[PDB]
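Undergrad: Model the structure of this input:
(4 chains, ligands or ions: 4)
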4 protein chains.
Amino acid sequence: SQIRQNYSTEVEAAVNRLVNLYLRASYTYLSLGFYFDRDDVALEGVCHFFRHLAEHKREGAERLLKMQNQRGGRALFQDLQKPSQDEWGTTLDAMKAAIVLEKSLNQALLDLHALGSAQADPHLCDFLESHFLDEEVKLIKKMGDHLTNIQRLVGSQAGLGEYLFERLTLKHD
Amino acid sequence: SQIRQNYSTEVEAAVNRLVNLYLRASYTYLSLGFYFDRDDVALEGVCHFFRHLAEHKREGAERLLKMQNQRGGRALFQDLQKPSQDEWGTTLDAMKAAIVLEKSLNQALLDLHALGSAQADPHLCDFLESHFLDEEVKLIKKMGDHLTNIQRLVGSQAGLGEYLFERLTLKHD
Amino acid sequence: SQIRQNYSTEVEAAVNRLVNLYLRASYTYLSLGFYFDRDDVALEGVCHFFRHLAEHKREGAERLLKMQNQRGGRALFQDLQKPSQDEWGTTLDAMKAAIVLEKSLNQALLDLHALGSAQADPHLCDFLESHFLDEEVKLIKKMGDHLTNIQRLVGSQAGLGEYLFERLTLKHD
Amino acid sequence: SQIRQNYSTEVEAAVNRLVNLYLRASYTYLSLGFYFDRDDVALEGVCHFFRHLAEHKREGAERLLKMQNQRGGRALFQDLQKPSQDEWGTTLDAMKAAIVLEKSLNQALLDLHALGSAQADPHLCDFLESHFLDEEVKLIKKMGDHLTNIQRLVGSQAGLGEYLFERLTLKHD
Ligand SMILES: [Cl-]
Ligand SMILES: [Cl-]
Ligand SMILES: [Cl-]
Ligand SMILES: [Cl-]
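TA: Residues are numbered from 1 along each chain as shown, chains lettered A, B, ... in the order given. Ligands and ions are numbered 1, 2, ... in the order given. Pasting the structure now:
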């Protein structure tokens, strides 16, 4: 490569794996979004919350792919596994599955940062710090806040709580 | 007729029957709308939901009547039967009766489309596709979404659920 | 299902398969787009042409998923296979692979239309006519036009032709 | 020094050397810019490309000098060596010399970052990450893209390719 400098094969490979993890996450959120649009689920604010995350995770994958080319690495795509579930349960089940998914993406980012640190690759380390690590902390804090509110609302009338959370906390229209 | 071309007597008759079905549906929705405006029912958002459908079904009848004249058929009006009920129960009873009514209109549209297909009448088939079939799918999906939300809200406090659905889902002012 | 009417299990299944075909096509175009952004390929107009198609095919999948829910079918996601190639050759190789891909999507749309016709499902038939069949004819005509222009430009100076096509026909900036 | 804190003599010296490297690079680009403005070379877009880099490298030197004073180090200027060539050959020769020059600046930045990491100087490390490392990756990717396009255009008509690259890729007016 005419441009590649200080870019390890180990980072190049890990970036291709992280692209696969982000695209899998996007696909998971696409499935969650359409599940909440079902006529027998019908929680618009929950649908919009997950559809937006599907778009955001796709954008993350595209930013990693642009950076791979900027550093002179080569994008390599793999099979994308289907989401872990076909039906996602309650808003609470779905938000618990989301925070697990985000913790797994966050650990993949921290692992890649640690590899870049070990490889003395400060451009890679800056890149994750600037575009991913704080977006992930912010998102996990928001999901933690939502879990608390959902849990408060279950009480002895789960249906009423699920409706009120979607109407008064999540964005709809 | 100076203009009639490729327009069967069977379609002409079925169009006059469908006009009667749309006007009956409008009359049903007029009755539902004023029932929810009663001082002892008093659910404004439910009143507005049904009053709007009464106007929309009337407009459907008028579009069929305009098309009948465009094709050189002859409008023929019949007695309009009164709605099936004088009092419509809860929001849930009313929304269940509406989705039954819409399924019956949808089947009448599909039956007429099938007659036009059999008669090789593509103008009739286009007309239903363009102005009725998707409006009906969209409306039945919305009523299905509302039924799910109403059902979630019944819990052990039916009155509270009926008020919250009308205040937080349906349009009022 | 509370809303499902005149929607066959055969169409529901074929719609889920077509969603998989559109998402595979999006993934293929994502791979083509980033290949042309490589520093050793560096054809910006070709990159932008394929990146846009990746977005358009994703939007097609999302429209099919919305329609599946409108009809009361159930979205079911499968594993997404990786693209057929890791490296895509010349602009000409890439545009030949694209038109093959589009012909396969077009045949899948025509097959689904034929199934809906056989099932007397005019809403499905309208839906494909209105949002997919002409978009596909328009795209295949544009790719055919581009193939002719690329082929004219190969001459005895392939590099010069590939540069001029990307600079004077495709959109860049 | 009244302000100096956590700023090693090793970093202070390396910053003064890097200022010399940036000013030498500016001087090199000044020479490349005026060579392409010669009446017997006359490639305006190539002239403008290098004149702009001369200004950008000067600005890099000035940012390092401002930071040296912010940290309480002392600017020390050395003799500036003349550029390596008086005449720069073809656009291709010039762009190959530029990417070599940029790789040498990039390695000097990475070396200084590594020194700051070893000295536990996070302000220095942030400073390079924020203002230099990604500017350098972006520039080397752009020069790699240009090299590919120039190389594609040499064919058997080098003059025609050199003119078309300057007219259709580089900015002129
Ligand atoms: Cl799997
Ligand atoms: Cl009667
Ligand atoms: Cl495969
Ligand atoms: Cl010298």
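
Undergrad: How about the residues of chain A by chain D?
TA: If contact is defined as C-beta under 8 Å from any C-beta of the partner chain, the residues of chain A in contact with chain D are A:2-3, A:5-6, A:69-72, A:120, A:122-123, A:125-127. (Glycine included, C-beta is placed from N, CA and C.)

Undergrad: What remains of these if I keep only buried residues?
TA: Buried residues within those, defined by neighbour count using 16 or more other C-beta atoms under 10 Å in any protein chain shown: A:2-3, A:5-6, A:69-72, A:122-123, A:125-127.

Undergrad: Mind putting those into TSV with secondary structure?
TA: As requested, these are arranged in TSV below (DSSP: H, G, I helix; E, B strand; the rest coil):
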residue	secondary structure
A:2	coil
A:3	coil
A:5	coil
A:6	coil
A:69	helix
A:70	helix
A:71	helix
A:72	coil
A:122	helix
A:123	helix
A:125	helix
A:126	helix
A:127	helix
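
Undergrad: from the residues you listed, which is closest to residue A:33?
TA: The closest of these to residue A:33 turns out to be residue A:127 (C-beta to C-beta; 28.2 Å).

Undergrad: my guess is the closest one contacts residue A:70, does it?
TA: No. With contact taken as C-beta atoms under 8 Å, residue A:127 and residue A:70 are classed as non-touching, separated by 9.1 Å.

Undergrad: got the contact list for the residue in chain A that chain C sits nearest to?
TA: Residue of chain A nearest chain C, by C-beta to the nearest C-beta: residue A:80 (3.9 Å). Each residue near residue A:80 by C-beta atoms under 8 Å, 6 or more residues apart in numbering or on different chains is listed here: A:20, A:23-24, A:27, C:27, C:79-80, C:82.

Undergrad: how much space between the nearest residue to it once chain neighbours are set aside and residue A:79?
TA: Closest residue to residue A:80 apart from its sequence neighbours, by C-beta to C-beta, 6 or more residues apart in numbering or on different chains: residue C:80 at 3.9 Å. Residue C:80 is 7 Å from residue A:79, where distance means C-beta to C-beta, to the nearest Å.

Undergrad: Ok, residue A:159 next?
TA: 39 Å.

Undergrad: again with residue A:99
TA: Here residue A:99 is placed at a distance of 26 Å from residue A:79 (C-beta to C-beta).

Undergrad: higher neighbour count, those two?
TA: Remark: of residue A:99 and residue A:79, residue A:99 carries more neighbours, 16 against 11, as counted by other C-beta atoms under 10 Å in any protein chain shown.

Undergrad: How much space separates that one from chain D?
TA: Distance, residue A:99 to chain D, by C-beta to the nearest C-beta, to the nearest Å: 30 Å.

Undergrad: Phi and psi next, for that residue.
TA: Taking degrees, to the nearest 10, you get phi -70, psi -30 for the backbone angles of residue A:99.

Undergrad: what about the nearest residue in space to it that is not next to it in sequence, how many residues close to it?
TA: If the residues on either side of it in the chain are set aside, residue A:99 comes closest to residue A:143, at 4.5 Å by C-beta to C-beta, 6+ apart. Neighbourhood size, residue A:143 [other C-beta under 10 Å]: 19.

Undergrad: Residue A:148 now?
TA: Using other C-beta under 10 Å, residue A:148 is surrounded by 10 other residues.

Undergrad: could you point out which element follows the helix or strand where residue A:137 lies?
TA: Taking DSSP states H and E as the definition, one finds residue A:137 inside helix A:134-154. Moving toward the C-terminus from helix A:134-154, the first helix or strand encountered (DSSP H and E) is helix A:158-168.

Undergrad: Which neighbouring elements make contact with that next one?
TA: In terms of contacts (3 or more C-beta pairs under 8 Å, 6 or more residues apart in numbering or on different chains; DSSP states H and E), helix A:158-168 is packed against helix A:44-71, helix A:91-118, helix A:134-154, helix B:134-154, helix B:158-168.

Undergrad: Residues of chain A that sit close to chain B?
TA: Selection of chain A residues close to chain B by C-beta under 8 Å from any C-beta yields A:39-42, A:44, A:156-157, A:159-160, A:162-164, A:167-168.

Undergrad: Quickly check these for the two that are furthest apart.
TA: Greatest spatial distance among the residues of chain A next to chain B (C-beta to C-beta): A:39 and A:156, at 26.7 Å.
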